[PDB]
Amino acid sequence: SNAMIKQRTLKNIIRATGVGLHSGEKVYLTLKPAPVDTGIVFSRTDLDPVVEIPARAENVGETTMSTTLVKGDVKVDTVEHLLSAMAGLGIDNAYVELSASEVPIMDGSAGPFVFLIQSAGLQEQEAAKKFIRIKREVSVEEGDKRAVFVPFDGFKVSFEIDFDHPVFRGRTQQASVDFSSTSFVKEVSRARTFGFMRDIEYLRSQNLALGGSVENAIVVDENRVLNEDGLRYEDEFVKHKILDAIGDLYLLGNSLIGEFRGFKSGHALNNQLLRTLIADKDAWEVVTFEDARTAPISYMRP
């Protein structure tokens, strides 16, 4: 019906230029509109023939420093920040073209991506938006790390970090964001990625974080933030972990109706939670809404 929560795509094709956080290679990003029930599909246009990797949990390869999409030997690195923007603005179908193996880091947040998508405009499609509603509690744990899916009428993200560093200890360790009352754009999207300088030195030698800089990452010592202009939020470190979680959870293919709880969790435990959820079919269901007013999740005007 006309009053249903409709599927969404881009209104126009938008282009952006940047560098890969871990590869350091120059990359041309092209966001394009896609037909109904396509989902988010990544395309390597630098290869002949063009290789397409759908942004799904089954196509997740490595989860060391970032979330990587793999198809054979073709890779698409650091997809979590762009997928966070797609999820936050409710983009159902989109073609993501890349001229290199990694998504541009931009400023280390989802901020420029949310602006690039909203500048291009949103288009409502003649199809019902599919939602994955959490019925039962699903949790994955490994040592002192845990990732939980709790039933909730709407969408809520909770995260708890525990870094033994004065700069991290001196800041907020836990944050709960309810997207029915809080804006993804205003409070989450701007949270930049963070890294330890002494840890980044070992990574740069081991062919990782090659495109890392103070302009696209929060560089930290023991007591303070090395960035001249400081932080964007007092709780920016835990807000970025929430941003990363929203992006990782969007690999389900559909928007979530439930609560996510992250306890020192990362990209590996986030993918392991999705795989355990998909495997436990009694714990979830596919739901559509014929009336947008009755739904527990609302979206920004197209």
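Heads up: residue numbers just count along the shown sequence, starting at 1.
- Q125, modelled here, also has coordinates in every other compared entry of this protein that models residues flanking it, well short of the third needed to call it frequently missing.
- Looking at the other PDB entries for this protein, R204 is present in the model in all of those that include the residues around it, rather than absent from a third.
- For the two regions 29-37 and 238-246, the entry's Cα B-factors average higher over 29-37.
- Taking only CA atoms, the mean B-factor in the PDB entry is higher for 162-170 than for the other of 79-87 and 162-170.
- Ranking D178, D92, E102, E142 by the C-alpha B-factor listed in the PDB entry places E142 at the top.
- Of the candidates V150, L98, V188, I218, the PDB record gives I218 the highest C-alpha temperature factor.
- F184 sits in the middle third of its chain by CA B factor, as recorded in the PDB entry.
- When all modelled residues of the chain are sorted by CA temperature factor, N223 is found within the highest third.
- Ranked against the other modelled residues of its chain, the C-alpha B-factor of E62 as given in the entry falls in the highest third.
- Among the modelled residues of the chain, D48 sits in the highest third by CA temperature factor in this PDB entry.
- Among the modelled residues of the chain, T9 sits in the lowest third by CA temperature factor in this PDB entry.
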